[PDB]
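Peer 1: what would the 3D arrangement of this be:
(9 chains, ligands or ions: 4)
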Amino acid sequence: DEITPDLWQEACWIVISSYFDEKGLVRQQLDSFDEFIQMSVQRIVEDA
Amino acid sequence: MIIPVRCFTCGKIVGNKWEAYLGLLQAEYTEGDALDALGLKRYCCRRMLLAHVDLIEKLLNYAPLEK
Amino acid sequence: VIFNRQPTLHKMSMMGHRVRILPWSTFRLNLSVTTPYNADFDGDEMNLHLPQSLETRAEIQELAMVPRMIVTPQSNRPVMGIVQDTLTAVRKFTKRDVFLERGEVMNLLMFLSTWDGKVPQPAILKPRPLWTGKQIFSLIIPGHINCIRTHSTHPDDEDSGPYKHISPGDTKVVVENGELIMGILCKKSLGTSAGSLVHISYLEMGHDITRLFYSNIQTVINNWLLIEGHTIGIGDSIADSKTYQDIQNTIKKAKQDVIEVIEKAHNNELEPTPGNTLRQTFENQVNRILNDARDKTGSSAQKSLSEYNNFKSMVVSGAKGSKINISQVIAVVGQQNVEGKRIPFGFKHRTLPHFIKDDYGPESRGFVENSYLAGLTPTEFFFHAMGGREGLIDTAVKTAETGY
Amino acid sequence: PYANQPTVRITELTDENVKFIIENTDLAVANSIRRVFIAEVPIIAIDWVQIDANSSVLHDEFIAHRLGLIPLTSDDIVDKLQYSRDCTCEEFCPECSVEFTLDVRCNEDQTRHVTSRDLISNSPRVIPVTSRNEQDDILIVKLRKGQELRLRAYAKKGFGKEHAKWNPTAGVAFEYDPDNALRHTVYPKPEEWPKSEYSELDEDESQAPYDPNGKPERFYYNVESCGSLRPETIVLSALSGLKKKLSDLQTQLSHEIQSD
Amino acid sequence: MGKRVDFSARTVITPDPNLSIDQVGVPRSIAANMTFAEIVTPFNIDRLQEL
Amino acid sequence: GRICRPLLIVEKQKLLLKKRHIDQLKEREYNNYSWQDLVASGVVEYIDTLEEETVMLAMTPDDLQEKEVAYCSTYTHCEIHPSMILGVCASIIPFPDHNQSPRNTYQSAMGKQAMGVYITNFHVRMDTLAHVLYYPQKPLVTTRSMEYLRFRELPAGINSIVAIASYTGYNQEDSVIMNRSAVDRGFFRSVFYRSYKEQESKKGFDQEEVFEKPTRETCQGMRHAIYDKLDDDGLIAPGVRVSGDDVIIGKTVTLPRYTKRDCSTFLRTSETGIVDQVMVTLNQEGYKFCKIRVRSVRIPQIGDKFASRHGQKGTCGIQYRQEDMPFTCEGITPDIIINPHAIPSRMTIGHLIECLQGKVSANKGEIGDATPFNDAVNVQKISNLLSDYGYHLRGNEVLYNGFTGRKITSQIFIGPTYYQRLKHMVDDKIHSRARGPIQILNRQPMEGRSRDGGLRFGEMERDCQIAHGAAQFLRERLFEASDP
Amino acid sequence: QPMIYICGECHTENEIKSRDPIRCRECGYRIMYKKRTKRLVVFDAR
Amino acid sequence: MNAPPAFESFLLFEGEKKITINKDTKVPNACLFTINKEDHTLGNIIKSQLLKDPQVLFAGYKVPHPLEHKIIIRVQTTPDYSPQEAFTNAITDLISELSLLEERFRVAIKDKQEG
RNA sequence: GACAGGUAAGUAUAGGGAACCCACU
Ligand SMILES: [Mg+2]
Ligand SMILES: [Zn+2]
Ligand SMILES: [Zn+2]
Ligand SMILES: [Zn+2]
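Peer 2: Numbering: from 1, shown residues only, chains lettered A, B, ... in the order given. Ligands and ions are numbered 1, 2, ... in the order given. See the structure here:
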């Protein structure tokens, strides 16, 4: 059930692999722009 | 982008080795074993093969400018 | 042509040169002139101005030419000197046990431009002719200048004890009648320092003679270095297991001392020194302990160094590096400091989230207990990055301040 | 006051390399021989290229560079060939050049490998090394469908000094004093230095005892050929060319002295 | 107090031990672009004519 | 805008992560288990700085491991891996934890300058400026992190046999000697693409622009450059050689040698190459709009900038043919030689370790791992491995002087190392002037080499000349040579 | 006179005349490329 | 742009003397041979042969500048001997060396080929 | 009328600036 250190190296690197597969590298840019378009524009229009 | 024709250091022909190296790799030889089989003794040539990245396939993924 | 490198800090930043046209697309400089220009070949670009009239040409030829600019009025001492490979090579060359065969002396002699054309009597005739680097350098030296210097590694007690004029280590330089009688040349004897051999050459012989002197030193010593060889590698960074163990013991003892001091301070048994709050006193004690540990470790590493070690070669010749540098490479890197203090508690009573609160230990406050070769644990790496950032910022600000 | 009496021993000989030893000769002579192997042995290689069409992902200079790097069998044709510059023909001629033509077009969904096989020579005696009759052909470029590559080239004589492509050798291992008897090097820790293949020493021993009267003899060579020439051909041509250079120098010296 | 000036070149610098300290290597292209005015005299008239 | 990083959660003294999680992640392709699933399961958790202030964190599970004197024993999180603290540029550095930090900082920028394959589809992009290396190579020594920077897909640099030795002195002061034979074989050769653009504007019926092959009899503003290279459309064709100040886009404008003024676009002065390709379109306003991409093959030469991954940069001092270069007992010769004087003060011990492990990996037929904080890798282990392959355990070797064949008294450190050629090339910086065009406002020399400008004899230069006392030279520099 | 251009999308050849609005007659695509010149071009294989 | 043509290394430019002779006035019986489009190969072999020659008080070579392809050989002989004669004899002896080595190598290659 | 071939006559084969940004030593 646990992870011995020898396994732990590969385990942590697999974790990082999955993280980067999921997210990418410009995830912050893409998510910020997507949130802007999706929410903020309508919020501004309504607040007007 | 493509396997260099000669080893930069010593000048041994390696351009005729990339396909065979890939064949061995898919034949499950380790990289060192494949290099030895191809005869790349000097680590200059071994580098020439190991470090190579054949970008030409990615380049060929694009359609030509002309039909 | 006048030759310049921004920023133009002093007179020697702009100096005259005679043009020689060679194929490729760069200005080719002699290595010596780099020092006055404060130039390195890391991509530095330089400007060239061509005087257009005979009057300006004469002005430059008589005032700004590098030979005339050899000695600066700023500190009445030469600005250029033998540097880098040439300096290390000459230090090795002028060692006592350097002997040259007929052919080797042959090549070096003809590279010596000012040579009179007479092969000197070899310092050894039987069982086989052999010259010495000292002989060849005596040929290089111009005129009949007399000079006395001391090699960098010259022990002080030698001057008092016996063998005063016959150095067991050959660490005393004596040029007489323009002949290197004895000693190992180094930065002390060939660099910009006052009373250096180049300085005395300029003072006695003409600036032109000193120019030829520089050129001959560089050419001959480089050609000999072709044979001699000089390198640096992991072998020169490795130390013996005994010295590794000694350094580990020193570090462990220093850590234990710091722990004892911390425990005493927490028990309140510690008391402030005059003119210092208790916290200042505690910091002073910790810093003193760690500095002593680093000094002891560096001394141990330098002792462990062998005569073949290239780091020691280079530091001794004065071409590059320092004993502190060798200590950092071999033994602990040492304490990291920001604003002249240990790493501040950026977090809440914590340098990093990975330490308990109110931890004033060496590791907690950023003491790199590992040598560069041994690598750095992530926290030590971060703290070292902080220190380097401090240095870079200091540079980037002092540039503008000093310019103004 | 006169020449040595060099002797030779071929310890190995294959189609791709020759290993031998030369004794009773000067280190200077040995090193010059090595340098001639590397640099001053004539060879035929592509040096003129005209790209009628090139749709490949690679550009014309890239393709020409690879074509030049391709080696060509030059066992005897080079000797007959004269340097293009020396030759009188206006543009090119058999005496000074060899023509090649390449023309490929990818008309299929699978990648087409334009290898040295496609290099069509005019003189059968001169051909790509791999095309000779297992070694595969030297890849030049890959073409996806709808692509083409047509070009006409000329290979001429030349030696490595002018450009590495004429260099025949593919690794010239040179050695002498396997055991460090002459002490030309200095091992701070000789024990930790692996024995040379030619080393003749007991394992406990690190290096031969210093020889004050020693001099570099028994130079070991291992010349690997790039397939352009048989290694023995490389060695013989190198010696011939060095002798030729010395003879020409003698002629020039005689002319100069006679004029003086 | 400061100006841009003609007859000035600029380029990267590389080491060259084989040059006297007072010498400077210059590319042929820069030398060609640069010219120094020389007055004609019977002494140098032939040389300048050849130039 | 609140920054945040992931962290493995710790309860009591054990990670919430488990071997089952690791296996599911391994099989992520099929079972579709993913990082999002990890986050949902709650093994990992995002933490920002403010929360970090209270979090108690551990390097690795080793800290969680019980100890004779428990330091914390109350951990709450654990690093996924310490190396993650680095960024993109810093990640490509092998053994960064063996260098003085400022050198890592320098490498962070020299990496940005390295030439490689900036994008797979470069063949179509008409980017204003681009550089493409002929033979990129993934480094023989790689941090695990570059697997995600995709450096393998788009490497920028070549693994090169480097000997850290003094040789003829031409590599002194951060200079590097280079193997001319390697350069001939394509070592570090690259191609430089420059994109020019032009458009014909019909702003006014009175005055309009047109692409064409102008003729002296009609148009007036022609230089002596030949327009034959152009075609009937005022555009050059691909595969055409071109030199500096050579018209490439013949354009003309209708005046209010008659009724036509030349507005053609010439090739940048001192430049040369071949027209890679031409594209013709209409801009937003229908006007004809042509972009021309021109490629020039840059062979590395004296003065070109190169750099390792360890803050060690230098210009190619000189190039020696293979026979001139020193050689091992084998035929191997160093592609590059770098003065040893770099390392002492620089503390780029990572450079040396990289060279050693590169030799090891090349001999072993593998890719070395230079992940920073990896206890499993150390100099002693690397040296033992290297010795196993019949080499000196520290990487030293016996080299022979190329010119004379004689052994070299010292044994040279030599081995593979990843080098990278920076965009700044001497050909793009060389510049000189003798009475070129001058500014309009003041008649002083123009600025910038693209305009054939003149160098600035600045205030400190004036002051240095004042100190020299060269009054006449100062007068010439500031008055007679600038704007009499 | 002919001035054959290759369309980007359909990769089709088509003549274009001066003052002619740039648009592939075949696909209405506005991006075209000049065909490779016919001039003699040579490259020493250095 | 400034890169010299590769052939320039070995090709004598129009009107270039392959070899030039001067007398080193500093000492008697001393000559300087400036050889163009030559390098360490010839320089080293000739120097070694001359050093082998006993009458030669002085023999050596150097490359004044690597970017240039010229070499200078300084040779001083005994008064009863000429540097020109020493140079010629050294070249002759090297030529004999090469001829002997060539024929012996041919013999060895043949013999290895048969077995 | 068109179109294909030939003969004769005329035509065609002077230079930006600012701003900002990035990067460099
Ligand atoms: Mg600099
Ligand atoms: Zn190789
Ligand atoms: Zn011909
Ligand atoms: Zn279309």
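
Peer 1: can you map out the strands along the stretch 301-404 of chain C?
Peer 2: C:334-335, C:367-368 (DSSP state E, counting those that start in this stretch).

Peer 1: and the last one, what does it pack against?
Peer 2: Right, strand C:367-368. strand C:334-335, helix C:378-403 (3 or more Cβ pairs under 8 Å, 6 or more residues apart in numbering or on different chains; DSSP states H and E). (Each C-beta comes from the backbone N, C-alpha and C, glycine too.)

Peer 1: deepest-packed of the ones you listed, please.
Peer 2: strand C:334-335 (a mean of 22; mean count of other Cβ atoms under 10 Å in any protein chain shown).

Peer 1: what comes into contact with that strand?
Peer 2: C:287, C:290-291, C:294, C:327-328, C:342, C:362, C:366-368 (Cβ atoms under 8 Å, 6 or more residues apart in numbering or on different chains).

Peer 1: from the residues you listed, which would you call buried?
Peer 2: Neighbour-count burial (16 or more other Cβ atoms under 10 Å in any protein chain shown) applied to those gives C:287, C:290, C:294, C:327-328, C:342, C:362, C:366-368.

Peer 1: using CSV, please lay out those residues together with distance to residue D:31.
Peer 2: Formatted as CSV, the buried ones among the contacts of strand C:334-335 follow (distance: Cβ to Cβ, whole Å):
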residue, distance to residue D:31
C:287, 58
C:290, 55
C:294, 49
C:327, 42
C:328, 41
C:342, 59
C:362, 56
C:366, 55
C:367, 53
C:368, 48
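
Peer 1: between those, which is nearest residue D:45?
Peer 2: Among the buried ones among the contacts of strand C:334-335, residue C:328 lies closest to residue D:45 (Cβ to Cβ), at 51.3 Å.

Peer 1: so where do the helices sit in chain H?
Peer 2: H:40-52, H:83-114 (DSSP state H).

Peer 1: remind me what the longest one packs against, helices and strands.
Peer 2: Helix H:83-114 is packed against strand D:7-13, strand D:17-23, helix D:231-259, strand H:30-36, helix H:40-52, strand H:56-62, strand H:70-77, with contacts defined by 3+ Cβ pairs under 8 Å, 6+ apart.

Peer 1: I'd like to know how far the residue nearest the centre of chain D sits from ligand 2.
Peer 2: Nearest to the mean C-alpha position of chain D, by Cα atoms, centre = their mean, lies residue D:168 at 1.3 Å. Residue D:168 sits 15 Å away from ligand 2, taking Cβ to the ion, to the nearest Å as the criterion.

Peer 1: next up, the contacts around that residue.
Peer 2: D:37, D:41, D:43, D:74, D:160, D:225-226, D:228-229, D:234.

Peer 1: farthest-separated two in the buried ones among the contacts of strand C:334-335?
Peer 2: C:327 and C:342, at 19.4 Å, using Cβ to Cβ across the buried ones among the contacts of strand C:334-335.

Peer 1: once you drop chain neighbours, what's closest to residue H:94?
Peer 2: Distances taken as Cβ to Cβ, 6 or more residues apart in numbering or on different chains put residue H:49 closest to residue H:94, at 5.2 Å, once the chain neighbours are dropped.

Peer 1: and the one you found, how many neighbours?
Peer 2: Residue H:49: 26 surrounding residues under other Cβ atoms under 10 Å in any protein chain shown.

Peer 1: isn't it up against residue H:87?
Peer 2: No. Using Cβ atoms under 8 Å, residue H:49 is not in contact with residue H:87; the gap is 9.3 Å.

Peer 1: count of neighbours near residue E:9?
Peer 2: If you count neighbours by other Cβ under 10 Å, residue E:9 ends up with 25.

Peer 1: from RNA strand I, how far off is residue C:35?
Peer 2: Computed as Cβ to the nearest atom of the strand, to the nearest Å, the residue C:35 to RNA strand I distance reads 15 Å.

Peer 1: what residues are bridge-paired with residue F:117?
Peer 2: Beta-bridge pairing for residue F:117 (DSSP bridges): residue F:132.

Peer 1: quick one, what contacts the residue of chain B found nearest chain E?
Peer 2: With Cβ to the nearest Cβ as the measure, residue B:8 is the residue of chain B nearest to chain E, at 22.1 Å. Applying Cβ under 8 Å, 6+ apart to residue B:8 gives the contacts B:44, B:48, F:158, F:160, F:179, F:182, F:185-187, F:335.

Peer 1: pick the one among the buried ones among the contacts of strand C:334-335 closest to RNA strand I.
Peer 2: residue C:328 (24.2 Å; Cβ to the nearest atom of the strand).

Peer 1: which residue is the nearest non-sequential neighbour of that closest one?
Peer 2: Closest to residue C:328 by Cβ to Cβ, 6+ apart is residue C:372, at 6.0 Å.

Peer 1: run a quick neighbour tally on the one you found.
Peer 2: There are 27 residues near residue C:372, going by other Cβ under 10 Å.

Peer 1: what about the longest strand in chain E?
Peer 2: With secondary structure taken from DSSP state E, chain E has its longest strand at strand E:8-15.

Peer 1: in chain E, what residue comes closest to chain A?
Peer 2: residue E:12 (34.9 Å).

Peer 1: that residue pairs with what?
Peer 2: Counting by DSSP bridges, residue E:12 forms beta bridges with residue C:45.

Peer 1: run through the residues that contact it.
Peer 2: So residue E:12 contacts C:26-27, C:43-46, F:303, F:315, F:426, F:429-430 (Cβ under 8 Å, 6+ apart).

Peer 1: the longest strand of chain E close to RNA strand I?
Peer 2: No. Between strand E:8-15 and RNA strand I, judged by Cβ under 7 Å from any atom of the strand, nothing touches; the nearest distance is 9.2 Å.

Peer 1: quick one: that strand near ligand 1?
Peer 2: No. With Cβ under 5 Å from the ion as the criterion, ligand 1 is not reached by strand E:8-15; the gap is at least 9.3 Å.

Peer 1: only alpha carbons, please: show that strand as PDB.
Peer 2: Output of strand E:8-15 as PDB, limited to C-alpha atoms (Å, rounded to 0.1, in the frame of the first residue of the first chain):
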ATOM      1  CA  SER E   8      34.400  54.500 -36.900                       C
ATOM      2  CA  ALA E   9      33.900  50.700 -36.900                       C
ATOM      3  CA  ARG E  10      32.600  48.400 -34.300                       C
ATOM      4  CA  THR E  11      32.700  44.600 -33.900                       C
ATOM      5  CA  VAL E  12      33.200  41.700 -31.600                       C
ATOM      6  CA  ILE E  13      36.700  41.100 -30.200                       C
ATOM      7  CA  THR E  14      38.500  37.700 -30.100                       C
ATOM      8  CA  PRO E  15      41.900  36.800 -28.700                       C
END
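
Peer 1: check which helices and strands the very next helix or strand once past it is in contact with.
Peer 2: Where DSSP states H and E defines the elements, the next helix or strand beyond strand E:8-15 is strand E:23-26. Judged by 3+ Cβ pairs under 8 Å, 6+ apart, strand E:23-26 is in contact with strand C:18-21, strand C:27-29.

Peer 1: may I see those strands organised as TSV, with mean neighbour count added?
Peer 2: As requested, the helices and strands packed on strand E:23-26 are exported to TSV (neighbours: other Cβ atoms under 10 Å in any protein chain shown):
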stretch	mean neighbour count
strand C:18-21	14
strand C:27-29	26
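
Peer 1: would you turn those into TSV with distance to residue F:341?
Peer 2: Output for these, formatted as TSV (distance: least, Cβ to Cβ, whole Å):
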stretch	distance to residue F:341
strand C:18-21	25
strand C:27-29	16
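
Peer 1: turn those into JSON lines, columns for distance to RNA strand I.
Peer 2: Below are the helices and strands packed on strand E:23-26 laid out as JSON lines (distance: least, Cβ to the nearest atom of the strand, whole Å):
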{"stretch": "strand C:18-21", "distance to RNA strand I": "22"}
{"stretch": "strand C:27-29", "distance to RNA strand I": "13"}
